[PDB]
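A.B. asks: Got a structure for you, questions after.
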Amino acid sequence: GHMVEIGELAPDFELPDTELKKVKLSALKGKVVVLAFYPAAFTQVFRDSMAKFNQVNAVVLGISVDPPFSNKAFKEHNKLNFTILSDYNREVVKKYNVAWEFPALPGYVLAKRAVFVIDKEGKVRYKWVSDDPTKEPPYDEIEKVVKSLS
């Protein structure tokens with residue numbers, strides 16, 4: 001099975017960004033990385049909460065199971081300045097154990113709202129996973145963790 005814990009080497013993966021370019025996690029070693037998983041692009045509640053990662057001092061990788069084409073429109077609409085990846089085959093939500101089935105859509109597997117901060121050595125240093133998709137992560141704490149790793 002898959003279980004991600006602090007201190008472990010973050011599971012590597014390669015997913016397409018909004019321009020269909022392959023982005024590999026391990027290629028980011030030497031830089032602090034923040035994985036920001038979200039359930040679905042265009043979820044309605046002005047601007048999506050993913051925009052709160054715009055000012056984080058690290059390489060933020062937004063990740064959802066939405067297709068690249070839609071994530072591109074999502075990224076532009078909400079002025080997200082970071083890389084947005086499409087885990088269309090659910091490979092990564094499984095590797096990070098942040099998968100769940102959407103209540104209203106039988107068999108639709110998507111990511112839980114989650115955040116993982118990875119250090120320059122590629123190890124997991126912070127983990128936050130909310131079963132409730134409406135909850136937002138502690139941005140302040142996350143930024144402080146990023147700082148300690150910079």
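Residue names in the structure tokens use chain letters A, B, ... in the order shown, residue numbers from 1 in each chain, and ligand numbers from 1 in the order shown.
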Residues at most 7 Å from residue 127 (chain A), counting only C-alpha atoms, excluding those fewer than 4 positions away in the same chain, as a PDB file with C-alpha atoms, in the first residue's frame?
C.D. replies:
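Saved to around15.pdb:
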ATOM      1  CA  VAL A 115      -0.351  19.970   0.991  1.00  0.00           C
ATOM      2  CA  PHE A 116       3.098  18.418   1.198  1.00  0.00           C
ATOM      3  CA  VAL A 117       6.271  20.456   1.630  1.00  0.00           C
TER       4      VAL A 117
END
A.B. asks: Using 7 Å as the limit and counting only C-alpha atoms, can you tabulate each residue of region 118-141 of chain A that touches region 5-9 of chain A, with its shortest atom-to-atom distance in Å and the two atoms involved, as a Markdown table?
C.D. replies:
| residue | atom | partner | partner_atom | distance |
| --- | --- | --- | --- | --- |
| A:122 | CA | A:9 | CA | 5.7 |
| A:123 | CA | A:9 | CA | 4.2 |
| A:124 | CA | A:6 | CA | 5.0 |
| A:125 | CA | A:6 | CA | 5.2 |
| A:126 | CA | A:6 | CA | 6.3 |
A.B. asks: Please list as JSON, numbers by chain every residue within 7 Å of region 18-34 of chain A, counting only C-alpha atoms and excluding residues in the same chain fewer than 4 positions away.
C.D. replies: {"A": [12, 13, 14, 58, 59, 60, 61, 68, 69, 71, 72, 84, 85, 115, 116, 117, 118, 119, 120, 121, 122, 146, 149, 150]}
A.B. asks: How would the residues just chosen look if you wrote them out with N, CA, C and O atoms as an mmCIF file, in the first residue's frame?
C.D. replies:
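Done, and the output landed in selection-v9.cif:
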data_model
loop_
_atom_site.group_PDB
_atom_site.id
_atom_site.type_symbol
_atom_site.label_atom_id
_atom_site.label_comp_id
_atom_site.auth_asym_id
_atom_site.auth_seq_id
_atom_site.Cartn_x
_atom_site.Cartn_y
_atom_site.Cartn_z
ATOM 1 N N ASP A 12 8.362 9.797 -6.292
ATOM 2 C CA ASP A 12 8.601 10.521 -7.530
ATOM 3 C C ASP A 12 7.447 10.301 -8.499
ATOM 4 O O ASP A 12 6.678 9.346 -8.370
ATOM 5 N N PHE A 13 7.323 11.205 -9.461
ATOM 6 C CA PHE A 13 6.278 11.110 -10.469
ATOM 7 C C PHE A 13 6.563 12.089 -11.593
ATOM 8 O O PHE A 13 7.377 13.005 -11.448
ATOM 9 N N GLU A 14 5.893 11.878 -12.718
ATOM 10 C CA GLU A 14 6.034 12.746 -13.876
ATOM 11 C C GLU A 14 4.635 12.937 -14.446
ATOM 12 O O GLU A 14 3.987 11.976 -14.861
ATOM 13 N N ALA A 58 8.678 29.068 -2.962
ATOM 14 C CA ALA A 58 9.123 27.725 -3.311
ATOM 15 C C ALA A 58 8.508 27.373 -4.654
ATOM 16 O O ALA A 58 7.763 28.169 -5.221
ATOM 17 N N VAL A 59 8.834 26.192 -5.170
ATOM 18 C CA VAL A 59 8.264 25.760 -6.438
ATOM 19 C C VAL A 59 6.978 25.038 -6.075
ATOM 20 O O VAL A 59 7.013 23.931 -5.536
ATOM 21 N N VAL A 60 5.847 25.679 -6.346
ATOM 22 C CA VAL A 60 4.556 25.089 -6.038
ATOM 23 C C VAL A 60 4.043 24.303 -7.232
ATOM 24 O O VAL A 60 4.082 24.780 -8.365
ATOM 25 N N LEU A 61 3.593 23.080 -6.975
ATOM 26 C CA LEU A 61 3.030 22.246 -8.020
ATOM 27 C C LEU A 61 1.584 21.961 -7.630
ATOM 28 O O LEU A 61 1.328 21.231 -6.668
ATOM 29 N N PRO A 68 -5.440 18.492 -18.617
ATOM 30 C CA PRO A 68 -4.604 19.680 -18.816
ATOM 31 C C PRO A 68 -5.304 20.879 -19.455
ATOM 32 O O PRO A 68 -5.085 22.022 -19.048
ATOM 33 N N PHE A 69 -6.149 20.615 -20.445
ATOM 34 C CA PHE A 69 -6.852 21.681 -21.155
ATOM 35 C C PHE A 69 -7.707 22.515 -20.207
ATOM 36 O O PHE A 69 -7.709 23.746 -20.273
ATOM 37 N N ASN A 71 -7.373 22.531 -16.833
ATOM 38 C CA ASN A 71 -6.519 23.126 -15.812
ATOM 39 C C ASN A 71 -5.853 24.384 -16.346
ATOM 40 O O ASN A 71 -5.578 25.306 -15.588
ATOM 41 N N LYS A 72 -5.612 24.429 -17.653
ATOM 42 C CA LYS A 72 -4.999 25.609 -18.254
ATOM 43 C C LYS A 72 -5.963 26.787 -18.142
ATOM 44 O O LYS A 72 -5.563 27.888 -17.770
ATOM 45 N N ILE A 84 0.734 23.766 -12.845
ATOM 46 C CA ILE A 84 -0.477 23.011 -12.532
ATOM 47 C C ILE A 84 -0.415 21.699 -13.312
ATOM 48 O O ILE A 84 -0.375 21.692 -14.548
ATOM 49 N N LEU A 85 -0.403 20.591 -12.576
ATOM 50 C CA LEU A 85 -0.303 19.261 -13.161
ATOM 51 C C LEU A 85 -1.611 18.485 -13.198
ATOM 52 O O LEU A 85 -2.477 18.658 -12.337
ATOM 53 N N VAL A 115 -1.598 19.248 1.191
ATOM 54 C CA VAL A 115 -0.351 19.970 0.991
ATOM 55 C C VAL A 115 0.812 19.166 1.551
ATOM 56 O O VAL A 115 0.733 18.605 2.644
ATOM 57 N N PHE A 116 1.886 19.105 0.778
ATOM 58 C CA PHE A 116 3.098 18.418 1.198
ATOM 59 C C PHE A 116 4.240 19.371 0.894
ATOM 60 O O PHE A 116 4.317 19.909 -0.209
ATOM 61 N N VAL A 117 5.109 19.609 1.870
ATOM 62 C CA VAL A 117 6.271 20.456 1.630
ATOM 63 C C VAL A 117 7.439 19.487 1.560
ATOM 64 O O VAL A 117 7.602 18.624 2.429
ATOM 65 N N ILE A 118 8.238 19.632 0.510
ATOM 66 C CA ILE A 118 9.380 18.764 0.257
ATOM 67 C C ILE A 118 10.667 19.590 0.284
ATOM 68 O O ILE A 118 10.736 20.660 -0.324
ATOM 69 N N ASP A 119 11.680 19.112 1.006
ATOM 70 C CA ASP A 119 12.936 19.854 1.086
ATOM 71 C C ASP A 119 13.815 19.672 -0.151
ATOM 72 O O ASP A 119 13.457 18.948 -1.083
ATOM 73 N N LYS A 120 14.965 20.341 -0.153
ATOM 74 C CA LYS A 120 15.890 20.282 -1.280
ATOM 75 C C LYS A 120 16.456 18.893 -1.535
ATOM 76 O O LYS A 120 16.980 18.618 -2.617
ATOM 77 N N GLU A 121 16.351 18.022 -0.537
ATOM 78 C CA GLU A 121 16.843 16.656 -0.655
ATOM 79 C C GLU A 121 15.728 15.730 -1.138
ATOM 80 O O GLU A 121 15.943 14.533 -1.333
ATOM 81 N N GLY A 122 14.535 16.291 -1.320
ATOM 82 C CA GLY A 122 13.410 15.502 -1.790
ATOM 83 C C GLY A 122 12.644 14.750 -0.715
ATOM 84 O O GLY A 122 11.874 13.839 -1.023
ATOM 85 N N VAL A 146 8.548 26.256 4.853
ATOM 86 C CA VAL A 146 9.312 26.549 3.646
ATOM 87 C C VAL A 146 10.535 27.391 4.004
ATOM 88 O O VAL A 146 11.638 27.129 3.527
ATOM 89 N N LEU A 149 13.446 25.592 5.441
ATOM 90 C CA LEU A 149 14.077 24.721 4.461
ATOM 91 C C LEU A 149 14.796 25.511 3.368
ATOM 92 O O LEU A 149 15.406 24.926 2.476
ATOM 93 N N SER A 150 14.731 26.837 3.447
ATOM 94 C CA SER A 150 15.366 27.689 2.445
ATOM 95 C C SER A 150 16.760 28.152 2.860
ATOM 96 O O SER A 150 17.308 29.050 2.182
#
A.B. asks: Point out the residue among A:96, A:70, A:148, A:110 with the least atom-to-atom distance to residue 129 (chain A), counting only C-alpha atoms.
C.D. replies: A:96
A.B. asks: Using only C-alpha atoms, which of the listed residues (A:45, A:54, A:39, A:141) sits closest to residue 100 (chain A)?
C.D. replies: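 Closest candidate: A:39.
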